>>> print(open('data_2.pdb').read())   # PDB, N, CA and C atoms
ATOM      1  N   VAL R   1      12.778  22.116   6.443
ATOM      2  CA  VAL R   1      12.912  20.660   6.425
ATOM      3  C   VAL R   1      11.687  20.095   5.705
ATOM      4  N   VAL R   2      10.516  20.195   6.332
ATOM      5  CA  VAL R   2       9.275  19.592   5.904
ATOM      6  C   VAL R   2       8.598  20.512   4.879
ATOM      7  N   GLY R   3       9.271  20.755   3.754
ATOM      8  CA  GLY R   3       8.890  21.707   2.718
ATOM      9  C   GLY R   3       7.896  21.175   1.686
ATOM     10  N   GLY R   4       7.100  20.148   1.999
ATOM     11  CA  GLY R   4       6.192  19.531   1.048
ATOM     12  C   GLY R   4       4.926  20.358   0.906
ATOM     13  N   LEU R   5       4.255  20.603   2.032
ATOM     14  CA  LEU R   5       3.041  21.409   2.041
ATOM     15  C   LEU R   5       3.323  22.886   1.742
ATOM     16  N   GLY R   6       4.262  23.526   2.428
ATOM     17  CA  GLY R   6       4.419  24.975   2.452
ATOM     18  C   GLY R   6       3.708  25.510   3.687
ATOM     19  N   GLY R   7       2.381  25.367   3.772
ATOM     20  CA  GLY R   7       1.652  25.725   4.978
ATOM     21  C   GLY R   7       0.144  25.599   4.832
ATOM     22  N   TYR R   8      -0.336  24.391   4.530
ATOM     23  CA  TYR R   8      -1.750  24.097   4.305
ATOM     24  C   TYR R   8      -2.560  24.279   5.601
ATOM     25  N   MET R   9      -3.882  24.346   5.451
ATOM     26  CA  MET R   9      -4.874  24.421   6.510
ATOM     27  C   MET R   9      -5.111  23.018   7.077
ATOM     28  N   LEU R  10      -4.923  22.841   8.381
ATOM     29  CA  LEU R  10      -5.124  21.556   9.044
ATOM     30  C   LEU R  10      -6.540  21.529   9.637
ATOM     31  N   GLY R  11      -7.371  20.608   9.149
ATOM     32  CA  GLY R  11      -8.757  20.373   9.551
ATOM     33  C   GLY R  11      -8.897  19.961  11.012
ATOM     34  N   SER R  12     -10.128  19.836  11.505
ATOM     35  CA  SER R  12     -10.314  19.316  12.851
ATOM     36  C   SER R  12     -10.112  17.809  12.909
ATOM     37  N   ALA R  13      -9.719  17.326  14.088
ATOM     38  CA  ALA R  13      -9.778  15.922  14.438
ATOM     39  C   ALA R  13     -11.223  15.435  14.497
ATOM     40  N   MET R  14     -11.441  14.224  13.985
ATOM     41  CA  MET R  14     -12.695  13.487  13.934
ATOM     42  C   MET R  14     -12.477  12.028  14.345
ATOM     43  N   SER R  15     -13.571  11.281  14.475
ATOM     44  CA  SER R  15     -13.586   9.930  15.035
ATOM     45  C   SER R  15     -13.130   8.863  14.041
ATOM     46  N   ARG R  16     -12.900   9.257  12.783
ATOM     47  CA  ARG R  16     -12.770   8.425  11.591
ATOM     48  C   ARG R  16     -14.090   7.718  11.271
ATOM     49  N   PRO R  17     -14.450   7.604   9.985
ATOM     50  CA  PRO R  17     -15.336   6.546   9.550
ATOM     51  C   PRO R  17     -14.592   5.222   9.674
ATOM     52  N   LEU R  18     -15.287   4.224  10.206
ATOM     53  CA  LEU R  18     -14.995   2.847   9.878
ATOM     54  C   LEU R  18     -15.509   2.602   8.462
ATOM     55  N   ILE R  19     -14.840   1.712   7.731
ATOM     56  CA  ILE R  19     -15.192   1.311   6.370
ATOM     57  C   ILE R  19     -14.951  -0.195   6.301
ATOM     58  N   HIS R  20     -15.672  -0.862   5.418
ATOM     59  CA  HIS R  20     -15.550  -2.291   5.142
ATOM     60  C   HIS R  20     -14.279  -2.654   4.375
ATOM     61  N   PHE R  21     -13.793  -1.752   3.512
ATOM     62  CA  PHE R  21     -12.751  -1.888   2.491
ATOM     63  C   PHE R  21     -13.162  -2.922   1.442
ATOM     64  N   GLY R  22     -13.271  -4.150   1.897
ATOM     65  CA  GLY R  22     -13.651  -5.333   1.150
ATOM     66  C   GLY R  22     -14.709  -6.177   1.846
ATOM     67  N   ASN R  23     -14.867  -6.027   3.173
ATOM     68  CA  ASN R  23     -15.846  -6.707   4.035
ATOM     69  C   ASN R  23     -15.453  -6.471   5.486
ATOM     70  N   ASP R  24     -16.381  -6.745   6.392
ATOM     71  CA  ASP R  24     -16.304  -6.721   7.854
ATOM     72  C   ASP R  24     -15.105  -7.465   8.478
ATOM     73  N   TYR R  25     -14.376  -8.265   7.694
ATOM     74  CA  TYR R  25     -13.064  -8.804   8.023
ATOM     75  C   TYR R  25     -12.049  -7.688   8.201
ATOM     76  N   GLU R  26     -11.927  -6.844   7.177
ATOM     77  CA  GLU R  26     -10.976  -5.734   7.179
ATOM     78  C   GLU R  26     -11.500  -4.575   8.027
ATOM     79  N   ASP R  27     -12.800  -4.520   8.351
ATOM     80  CA  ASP R  27     -13.382  -3.364   9.037
ATOM     81  C   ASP R  27     -12.826  -3.308  10.450
ATOM     82  N   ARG R  28     -12.889  -4.459  11.124
ATOM     83  CA  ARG R  28     -12.330  -4.580  12.454
ATOM     84  C   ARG R  28     -10.817  -4.511  12.377
ATOM     85  N   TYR R  29     -10.214  -5.107  11.345
ATOM     86  CA  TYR R  29      -8.774  -5.153  11.232
ATOM     87  C   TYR R  29      -8.266  -3.724  11.247
ATOM     88  N   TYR R  30      -8.926  -2.866  10.480
ATOM     89  CA  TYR R  30      -8.591  -1.472  10.447
ATOM     90  C   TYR R  30      -8.757  -0.842  11.830
ATOM     91  N   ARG R  31      -9.912  -1.014  12.493
ATOM     92  CA  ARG R  31     -10.180  -0.375  13.784
ATOM     93  C   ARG R  31      -9.198  -0.822  14.865
ATOM     94  N   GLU R  32      -8.602  -2.002  14.718
ATOM     95  CA  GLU R  32      -7.712  -2.593  15.704
ATOM     96  C   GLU R  32      -6.398  -1.825  15.732
ATOM     97  N   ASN R  33      -6.031  -1.208  14.601
ATOM     98  CA  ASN R  33      -4.748  -0.549  14.415
ATOM     99  C   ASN R  33      -4.914   0.942  14.156
ATOM    100  N   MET R  34      -6.133   1.463  13.934
ATOM    101  CA  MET R  34      -6.423   2.738  13.251
ATOM    102  C   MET R  34      -5.691   3.995  13.747
ATOM    103  N   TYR R  35      -5.030   3.937  14.894
ATOM    104  CA  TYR R  35      -4.305   5.018  15.542
ATOM    105  C   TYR R  35      -3.152   5.532  14.673
ATOM    106  N   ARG R  36      -2.574   4.666  13.833
ATOM    107  CA  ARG R  36      -1.426   5.035  13.000
ATOM    108  C   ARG R  36      -1.830   6.048  11.930
ATOM    109  N   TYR R  37      -3.093   6.055  11.495
ATOM    110  CA  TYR R  37      -3.594   7.028  10.521
ATOM    111  C   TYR R  37      -3.904   8.373  11.206
ATOM    112  N   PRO R  38      -4.050   9.481  10.452
ATOM    113  CA  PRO R  38      -4.417  10.778  11.017
ATOM    114  C   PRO R  38      -5.813  10.761  11.659
ATOM    115  N   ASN R  39      -6.085  11.705  12.571
ATOM    116  CA  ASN R  39      -7.449  12.035  13.016
ATOM    117  C   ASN R  39      -8.030  13.221  12.244
ATOM    118  N   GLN R  40      -7.240  14.007  11.508
ATOM    119  CA  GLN R  40      -7.656  15.243  10.823
ATOM    120  C   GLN R  40      -7.269  15.118   9.342
ATOM    121  N   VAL R  41      -7.360  16.190   8.553
ATOM    122  CA  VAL R  41      -6.901  16.223   7.161
ATOM    123  C   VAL R  41      -6.218  17.557   6.855
ATOM    124  N   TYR R  42      -5.175  17.559   6.023
ATOM    125  CA  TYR R  42      -4.557  18.747   5.471
ATOM    126  C   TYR R  42      -5.120  19.070   4.095
ATOM    127  N   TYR R  43      -5.565  20.311   3.918
ATOM    128  CA  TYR R  43      -5.858  20.881   2.598
ATOM    129  C   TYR R  43      -5.750  22.408   2.656
ATOM    130  N   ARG R  44      -5.918  23.153   1.561
ATOM    131  CA  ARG R  44      -6.047  24.622   1.621
ATOM    132  C   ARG R  44      -7.470  24.987   2.095
ATOM    133  N   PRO R  45      -7.834  26.258   2.351
ATOM    134  CA  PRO R  45      -9.237  26.577   2.589
ATOM    135  C   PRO R  45     -10.083  26.153   1.379
ATOM    136  N   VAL R  46     -11.360  25.833   1.601
ATOM    137  CA  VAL R  46     -12.335  25.570   0.537
ATOM    138  C   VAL R  46     -12.417  26.749  -0.446
ATOM    139  N   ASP R  47     -12.166  27.969   0.039
ATOM    140  CA  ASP R  47     -12.043  29.214  -0.735
ATOM    141  C   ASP R  47     -10.985  29.153  -1.854
ATOM    142  N   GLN R  48     -10.188  28.085  -1.917
ATOM    143  CA  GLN R  48      -9.083  27.888  -2.845
ATOM    144  C   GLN R  48      -9.186  26.523  -3.544
ATOM    145  N   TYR R  49     -10.401  25.980  -3.696
ATOM    146  CA  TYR R  49     -10.686  24.834  -4.555
ATOM    147  C   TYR R  49     -11.912  25.091  -5.426
ATOM    148  N   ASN R  50     -12.119  24.196  -6.393
ATOM    149  CA  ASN R  50     -13.120  24.272  -7.450
ATOM    150  C   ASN R  50     -14.002  23.024  -7.476
ATOM    151  N   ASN R  51     -13.435  21.814  -7.388
ATOM    152  CA  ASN R  51     -14.226  20.584  -7.336
ATOM    153  C   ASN R  51     -13.549  19.614  -6.395
ATOM    154  N   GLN R  52     -14.361  18.785  -5.730
ATOM    155  CA  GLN R  52     -13.825  17.821  -4.790
ATOM    156  C   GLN R  52     -12.832  16.872  -5.455
ATOM    157  N   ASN R  53     -12.970  16.590  -6.755
ATOM    158  CA  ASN R  53     -12.200  15.535  -7.403
ATOM    159  C   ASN R  53     -10.719  15.872  -7.509
ATOM    160  N   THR R  54     -10.427  17.158  -7.383
ATOM    161  CA  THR R  54      -9.062  17.661  -7.383
ATOM    162  C   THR R  54      -8.633  17.956  -5.943
ATOM    163  N   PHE R  55      -9.516  18.560  -5.136
ATOM    164  CA  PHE R  55      -9.315  18.766  -3.707
ATOM    165  C   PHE R  55      -8.943  17.447  -3.035
ATOM    166  N   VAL R  56      -9.825  16.454  -3.085
ATOM    167  CA  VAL R  56      -9.694  15.213  -2.353
ATOM    168  C   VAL R  56      -8.457  14.478  -2.821
ATOM    169  N   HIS R  57      -8.241  14.284  -4.126
ATOM    170  CA  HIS R  57      -7.036  13.590  -4.566
ATOM    171  C   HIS R  57      -5.764  14.276  -4.050
ATOM    172  N   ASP R  58      -5.765  15.603  -3.888
ATOM    173  CA  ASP R  58      -4.596  16.308  -3.370
ATOM    174  C   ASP R  58      -4.502  16.118  -1.868
ATOM    175  N   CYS R  59      -5.583  16.416  -1.154
ATOM    176  CA  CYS R  59      -5.769  16.206   0.282
ATOM    177  C   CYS R  59      -5.320  14.802   0.702
ATOM    178  N   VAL R  60      -5.697  13.786  -0.074
ATOM    179  CA  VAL R  60      -5.334  12.391   0.111
ATOM    180  C   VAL R  60      -3.868  12.136  -0.204
ATOM    181  N   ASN R  61      -3.231  12.913  -1.067
ATOM    182  CA  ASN R  61      -1.791  12.805  -1.168
ATOM    183  C   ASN R  61      -1.182  13.440   0.073
ATOM    184  N   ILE R  62      -1.497  14.717   0.299
ATOM    185  CA  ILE R  62      -0.795  15.566   1.230
ATOM    186  C   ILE R  62      -0.909  15.029   2.651
ATOM    187  N   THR R  63      -2.105  14.684   3.130
ATOM    188  CA  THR R  63      -2.299  14.244   4.504
ATOM    189  C   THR R  63      -1.498  12.959   4.752
ATOM    190  N   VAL R  64      -1.673  11.919   3.925
ATOM    191  CA  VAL R  64      -0.899  10.672   3.977
ATOM    192  C   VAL R  64       0.574  11.031   4.028
ATOM    193  N   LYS R  65       1.062  11.784   3.045
ATOM    194  CA  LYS R  65       2.474  12.074   2.886
ATOM    195  C   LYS R  65       3.048  12.799   4.097
ATOM    196  N   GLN R  66       2.310  13.708   4.743
ATOM    197  CA  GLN R  66       2.775  14.355   5.974
ATOM    198  C   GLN R  66       2.779  13.415   7.178
ATOM    199  N   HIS R  67       1.976  12.365   7.128
ATOM    200  CA  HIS R  67       2.068  11.245   8.049
ATOM    201  C   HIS R  67       3.289  10.369   7.704
ATOM    202  N   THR R  68       3.559  10.139   6.415
ATOM    203  CA  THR R  68       4.707   9.391   5.926
ATOM    204  C   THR R  68       5.998  10.072   6.387
ATOM    205  N   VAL R  69       6.214  11.359   6.085
ATOM    206  CA  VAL R  69       7.390  12.165   6.444
ATOM    207  C   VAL R  69       7.445  12.503   7.947
ATOM    208  N   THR R  70       7.133  11.514   8.770
ATOM    209  CA  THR R  70       7.173  11.558  10.213
ATOM    210  C   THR R  70       7.464  10.121  10.665
ATOM    211  N   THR R  71       6.768   9.131  10.104
ATOM    212  CA  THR R  71       6.936   7.732  10.465
ATOM    213  C   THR R  71       8.060   7.039   9.669
ATOM    214  N   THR R  72       8.472   7.613   8.539
ATOM    215  CA  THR R  72       9.325   6.962   7.553
ATOM    216  C   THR R  72      10.744   6.794   8.102
ATOM    217  N   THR R  73      11.152   7.672   9.018
ATOM    218  CA  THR R  73      12.458   7.731   9.642
ATOM    219  C   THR R  73      12.490   6.827  10.883
ATOM    220  N   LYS R  74      11.316   6.379  11.355
ATOM    221  CA  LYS R  74      11.248   5.666  12.629
ATOM    222  C   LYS R  74      11.520   4.174  12.489
ATOM    223  N   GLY R  75      11.486   3.669  11.260
ATOM    224  CA  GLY R  75      11.433   2.240  10.980
ATOM    225  C   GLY R  75       9.997   1.719  10.920
ATOM    226  N   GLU R  76       8.991   2.595  11.048
ATOM    227  CA  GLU R  76       7.593   2.207  10.900
ATOM    228  C   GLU R  76       7.340   1.967   9.409
ATOM    229  N   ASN R  77       7.340   3.042   8.608
ATOM    230  CA  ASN R  77       6.728   3.111   7.279
ATOM    231  C   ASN R  77       5.287   2.573   7.256
ATOM    232  N   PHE R  78       4.693   2.493   6.068
ATOM    233  CA  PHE R  78       3.377   1.924   5.817
ATOM    234  C   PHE R  78       3.520   0.879   4.710
ATOM    235  N   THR R  79       2.730  -0.198   4.755
ATOM    236  CA  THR R  79       2.663  -1.134   3.634
ATOM    237  C   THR R  79       1.774  -0.481   2.579
ATOM    238  N   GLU R  80       1.822  -0.952   1.336
ATOM    239  CA  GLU R  80       0.948  -0.449   0.292
ATOM    240  C   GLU R  80      -0.521  -0.699   0.644
ATOM    241  N   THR R  81      -0.777  -1.757   1.408
ATOM    242  CA  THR R  81      -2.060  -2.073   1.997
ATOM    243  C   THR R  81      -2.465  -1.029   3.046
ATOM    244  N   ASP R  82      -1.523  -0.522   3.844
ATOM    245  CA  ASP R  82      -1.833   0.468   4.869
ATOM    246  C   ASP R  82      -2.028   1.825   4.218
ATOM    247  N   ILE R  83      -1.219   2.168   3.210
ATOM    248  CA  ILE R  83      -1.475   3.308   2.334
ATOM    249  C   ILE R  83      -2.880   3.166   1.740
ATOM    250  N   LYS R  84      -3.277   1.975   1.286
ATOM    251  CA  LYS R  84      -4.601   1.742   0.714
ATOM    252  C   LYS R  84      -5.671   2.032   1.749
ATOM    253  N   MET R  85      -5.639   1.380   2.913
ATOM    254  CA  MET R  85      -6.584   1.653   3.983
ATOM    255  C   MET R  85      -6.615   3.129   4.373
ATOM    256  N   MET R  86      -5.448   3.761   4.498
ATOM    257  CA  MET R  86      -5.346   5.155   4.872
ATOM    258  C   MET R  86      -6.033   5.984   3.804
ATOM    259  N   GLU R  87      -5.622   5.911   2.544
ATOM    260  CA  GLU R  87      -6.224   6.695   1.477
ATOM    261  C   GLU R  87      -7.731   6.464   1.395
ATOM    262  N   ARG R  88      -8.208   5.238   1.647
ATOM    263  CA  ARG R  88      -9.620   4.939   1.728
ATOM    264  C   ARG R  88     -10.291   5.852   2.745
ATOM    265  N   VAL R  89      -9.803   5.861   3.992
ATOM    266  CA  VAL R  89     -10.417   6.656   5.042
ATOM    267  C   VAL R  89     -10.218   8.138   4.773
ATOM    268  N   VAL R  90      -9.000   8.514   4.402
ATOM    269  CA  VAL R  90      -8.593   9.894   4.265
ATOM    270  C   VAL R  90      -9.420  10.539   3.149
ATOM    271  N   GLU R  91      -9.787   9.809   2.089
ATOM    272  CA  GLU R  91     -10.753  10.263   1.098
ATOM    273  C   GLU R  91     -12.048  10.683   1.799
ATOM    274  N   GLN R  92     -12.654   9.803   2.604
ATOM    275  CA  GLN R  92     -13.905  10.119   3.279
ATOM    276  C   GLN R  92     -13.737  11.314   4.219
ATOM    277  N   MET R  93     -12.652  11.374   4.996
ATOM    278  CA  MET R  93     -12.342  12.427   5.949
ATOM    279  C   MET R  93     -12.167  13.773   5.254
ATOM    280  N   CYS R  94     -11.426  13.818   4.144
ATOM    281  CA  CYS R  94     -11.279  14.993   3.295
ATOM    282  C   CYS R  94     -12.678  15.470   2.906
ATOM    283  N   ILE R  95     -13.500  14.572   2.359
ATOM    284  CA  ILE R  95     -14.848  14.885   1.909
ATOM    285  C   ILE R  95     -15.694  15.392   3.091
ATOM    286  N   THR R  96     -15.595  14.786   4.278
ATOM    287  CA  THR R  96     -16.321  15.218   5.468
ATOM    288  C   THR R  96     -15.900  16.633   5.856
ATOM    289  N   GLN R  97     -14.594  16.887   5.978
ATOM    290  CA  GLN R  97     -14.132  18.151   6.528
ATOM    291  C   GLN R  97     -14.464  19.274   5.550
ATOM    292  N   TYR R  98     -14.222  19.059   4.253
ATOM    293  CA  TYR R  98     -14.598  20.012   3.232
ATOM    294  C   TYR R  98     -16.093  20.273   3.267
ATOM    295  N   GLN R  99     -16.940  19.246   3.380
ATOM    296  CA  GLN R  99     -18.390  19.412   3.399
ATOM    297  C   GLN R  99     -18.848  20.374   4.500
ATOM    298  N   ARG R 100     -18.253  20.285   5.694
ATOM    299  CA  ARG R 100     -18.487  21.227   6.793
ATOM    300  C   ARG R 100     -18.343  22.656   6.288
ATOM    301  N   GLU R 101     -17.176  22.939   5.716
ATOM    302  CA  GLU R 101     -16.713  24.268   5.359
ATOM    303  C   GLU R 101     -17.370  24.775   4.084
ATOM    304  N   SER R 102     -17.647  23.866   3.161
ATOM    305  CA  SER R 102     -18.357  24.054   1.904
ATOM    306  C   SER R 102     -19.754  24.584   2.209
ATOM    307  N   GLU R 103     -20.418  23.999   3.206
ATOM    308  CA  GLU R 103     -21.708  24.503   3.617
ATOM    309  C   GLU R 103     -21.529  25.730   4.506
ATOM    310  N   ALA R 104     -20.468  25.844   5.317
ATOM    311  CA  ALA R 104     -20.213  27.042   6.125
ATOM    312  C   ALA R 104     -19.922  28.282   5.263
ATOM    313  N   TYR R 105     -19.374  28.085   4.065
ATOM    314  CA  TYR R 105     -19.093  29.137   3.107
ATOM    315  C   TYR R 105     -20.410  29.739   2.614
ATOM    316  N   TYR R 106     -21.499  28.966   2.654
ATOM    317  CA  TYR R 106     -22.776  29.278   2.042
ATOM    318  C   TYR R 106     -23.872  29.468   3.091
ATOM    319  N   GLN R 107     -24.344  28.350   3.657
ATOM    320  CA  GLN R 107     -25.327  28.149   4.714
ATOM    321  C   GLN R 107     -26.439  29.192   4.704
ATOM    322  N   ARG R 108     -27.136  29.267   3.569
ATOM    323  CA  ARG R 108     -28.343  30.056   3.421
ATOM    324  C   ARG R 108     -29.468  29.566   4.339
ATOM    325  N   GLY R 109     -29.483  28.274   4.635
ATOM    326  CA  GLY R 109     -30.605  27.564   5.215
ATOM    327  C   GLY R 109     -30.907  26.440   4.246
ATOM    328  N   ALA R 110     -29.853  25.723   3.842
ATOM    329  CA  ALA R 110     -29.995  24.528   3.033
ATOM    330  C   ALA R 110     -30.878  23.548   3.805
ATOM    331  N   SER R 111     -31.874  22.969   3.139
ATOM    332  CA  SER R 111     -32.780  22.000   3.737
ATOM    333  C   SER R 111     -32.819  20.742   2.898
TER     334      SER R 111
END
>>> encode(input="data_2.pdb", output="structure tokens")
Amino acid sequence: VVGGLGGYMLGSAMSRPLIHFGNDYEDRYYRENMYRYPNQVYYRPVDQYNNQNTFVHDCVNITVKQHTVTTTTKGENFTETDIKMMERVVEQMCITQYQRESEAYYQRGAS
């Protein structure tokens, strides 16, 4: 059924970054509703990427879209504004989760 991913690696749940988007008007607006977005991110292992600019843009498609292909049948959907807010956060979350593993792949004693 849900043949979009195939079987990507699902990251840990996190607290989300709050973000301004455009200002502290939207910051609270986002936090008031933020439950509809993911707590984690979908991507492959870091062992199967080359640069964040391709990782994150994919991660930001895939995670959103796997949230979409769950809510889309409910009568929920997302507005293009909610896709915008989601992709905003999900970009940061992708970058956060990868950064964990990116340094875990290495971790010489980076200072």
>>> residues_around(input="data_2.pdb", residues="residue 42 (chain R)", least_positions_apart="3", cutoff="6 Å", atoms="all atoms listed in the file", output="PyMOL selection string")
chain R and resi 8-11+59+62-63
>>> resolve_selection(input="data_2.pdb", expression="the PyMOL selection byres ((chain R and resi 38) around 8)", output="list in words")
residues 13, 14, 15, 16, 34, 35, 36, 37, 39, 40, 41, 63, 64, 67, 86 and 90 of chain R
>>> atom_distance(input="data_2.pdb", atom1="CA of residue 89 (chain R)", atom2="CA of residue 108 (chain R)")
29.5 Å
>>> atom_distance(input="data_2.pdb", atom1="CA of residue 54 (chain R)", atom2="CA of residue 92 (chain R)")
13.9 Å
>>> select_by_dssp(input="data_2.pdb", residues="chain R", states="strand (DSSP E)", output="list in words")
residues 9, 10, 42 and 43 of chain R
>>> closest_residue(input="data_2.pdb", among="R:19, R:69, R:5, R:56", to="residue 98 (chain R)", atoms="only C-alpha atoms")
R:56
>>> atom_distance(input="data_2.pdb", atom1="CA of residue 7 (chain R)", atom2="CA of residue 49 (chain R)")
15.6 Å
>>> closest_residue(input="data_2.pdb", among="R:85, R:1, R:46, R:60", to="residue 21 (chain R)", atoms="all atoms listed in the file")
R:85
>>> build_atoms(input="data_2.pdb", residues="region 66-82 of chain R", atoms="N, CA, C and O atoms", output="PDB file, keeping the file's coordinate frame")
ATOM      1  N   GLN R  66       2.310  13.708   4.743  1.00  0.00           N
ATOM      2  CA  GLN R  66       2.775  14.355   5.974  1.00  0.00           C
ATOM      3  C   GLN R  66       2.779  13.415   7.178  1.00  0.00           C
ATOM      4  O   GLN R  66       3.490  13.635   8.159  1.00  0.00           O
ATOM      5  N   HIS R  67       1.976  12.365   7.128  1.00  0.00           N
ATOM      6  CA  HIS R  67       2.068  11.245   8.049  1.00  0.00           C
ATOM      7  C   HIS R  67       3.289  10.369   7.704  1.00  0.00           C
ATOM      8  O   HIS R  67       4.027   9.948   8.600  1.00  0.00           O
ATOM      9  N   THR R  68       3.559  10.139   6.415  1.00  0.00           N
ATOM     10  CA  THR R  68       4.707   9.391   5.926  1.00  0.00           C
ATOM     11  C   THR R  68       5.998  10.072   6.387  1.00  0.00           C
ATOM     12  O   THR R  68       6.783   9.426   7.077  1.00  0.00           O
ATOM     13  N   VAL R  69       6.214  11.359   6.085  1.00  0.00           N
ATOM     14  CA  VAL R  69       7.390  12.165   6.444  1.00  0.00           C
ATOM     15  C   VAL R  69       7.445  12.503   7.947  1.00  0.00           C
ATOM     16  O   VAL R  69       7.729  13.626   8.370  1.00  0.00           O
ATOM     17  N   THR R  70       7.133  11.514   8.770  1.00  0.00           N
ATOM     18  CA  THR R  70       7.173  11.558  10.213  1.00  0.00           C
ATOM     19  C   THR R  70       7.464  10.121  10.665  1.00  0.00           C
ATOM     20  O   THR R  70       8.409   9.885  11.416  1.00  0.00           O
ATOM     21  N   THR R  71       6.768   9.131  10.104  1.00  0.00           N
ATOM     22  CA  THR R  71       6.936   7.732  10.465  1.00  0.00           C
ATOM     23  C   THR R  71       8.060   7.039   9.669  1.00  0.00           C
ATOM     24  O   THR R  71       8.595   6.005  10.077  1.00  0.00           O
ATOM     25  N   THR R  72       8.472   7.613   8.539  1.00  0.00           N
ATOM     26  CA  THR R  72       9.325   6.962   7.553  1.00  0.00           C
ATOM     27  C   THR R  72      10.744   6.794   8.102  1.00  0.00           C
ATOM     28  O   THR R  72      11.423   5.826   7.764  1.00  0.00           O
ATOM     29  N   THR R  73      11.152   7.672   9.018  1.00  0.00           N
ATOM     30  CA  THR R  73      12.458   7.731   9.642  1.00  0.00           C
ATOM     31  C   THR R  73      12.490   6.827  10.883  1.00  0.00           C
ATOM     32  O   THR R  73      13.564   6.544  11.427  1.00  0.00           O
ATOM     33  N   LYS R  74      11.316   6.379  11.355  1.00  0.00           N
ATOM     34  CA  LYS R  74      11.248   5.666  12.629  1.00  0.00           C
ATOM     35  C   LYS R  74      11.520   4.174  12.489  1.00  0.00           C
ATOM     36  O   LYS R  74      11.688   3.487  13.491  1.00  0.00           O
ATOM     37  N   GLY R  75      11.486   3.669  11.260  1.00  0.00           N
ATOM     38  CA  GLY R  75      11.433   2.240  10.980  1.00  0.00           C
ATOM     39  C   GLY R  75       9.997   1.719  10.920  1.00  0.00           C
ATOM     40  O   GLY R  75       9.800   0.518  10.742  1.00  0.00           O
ATOM     41  N   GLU R  76       8.991   2.595  11.048  1.00  0.00           N
ATOM     42  CA  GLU R  76       7.593   2.207  10.900  1.00  0.00           C
ATOM     43  C   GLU R  76       7.340   1.967   9.409  1.00  0.00           C
ATOM     44  O   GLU R  76       7.203   0.822   8.974  1.00  0.00           O
ATOM     45  N   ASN R  77       7.340   3.042   8.608  1.00  0.00           N
ATOM     46  CA  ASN R  77       6.728   3.111   7.279  1.00  0.00           C
ATOM     47  C   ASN R  77       5.287   2.573   7.256  1.00  0.00           C
ATOM     48  O   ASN R  77       4.694   2.297   8.302  1.00  0.00           O
ATOM     49  N   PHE R  78       4.693   2.493   6.068  1.00  0.00           N
ATOM     50  CA  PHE R  78       3.377   1.924   5.817  1.00  0.00           C
ATOM     51  C   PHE R  78       3.520   0.879   4.710  1.00  0.00           C
ATOM     52  O   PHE R  78       4.248   1.117   3.737  1.00  0.00           O
ATOM     53  N   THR R  79       2.730  -0.198   4.755  1.00  0.00           N
ATOM     54  CA  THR R  79       2.663  -1.134   3.634  1.00  0.00           C
ATOM     55  C   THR R  79       1.774  -0.481   2.579  1.00  0.00           C
ATOM     56  O   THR R  79       0.999   0.423   2.890  1.00  0.00           O
ATOM     57  N   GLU R  80       1.822  -0.952   1.336  1.00  0.00           N
ATOM     58  CA  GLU R  80       0.948  -0.449   0.292  1.00  0.00           C
ATOM     59  C   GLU R  80      -0.521  -0.699   0.644  1.00  0.00           C
ATOM     60  O   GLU R  80      -1.402   0.067   0.272  1.00  0.00           O
ATOM     61  N   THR R  81      -0.777  -1.757   1.408  1.00  0.00           N
ATOM     62  CA  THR R  81      -2.060  -2.073   1.997  1.00  0.00           C
ATOM     63  C   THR R  81      -2.465  -1.029   3.046  1.00  0.00           C
ATOM     64  O   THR R  81      -3.643  -0.687   3.139  1.00  0.00           O
ATOM     65  N   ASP R  82      -1.523  -0.522   3.844  1.00  0.00           N
ATOM     66  CA  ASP R  82      -1.833   0.468   4.869  1.00  0.00           C
ATOM     67  C   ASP R  82      -2.028   1.825   4.218  1.00  0.00           C
ATOM     68  O   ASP R  82      -2.954   2.533   4.591  1.00  0.00           O
TER      69      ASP R  82
END
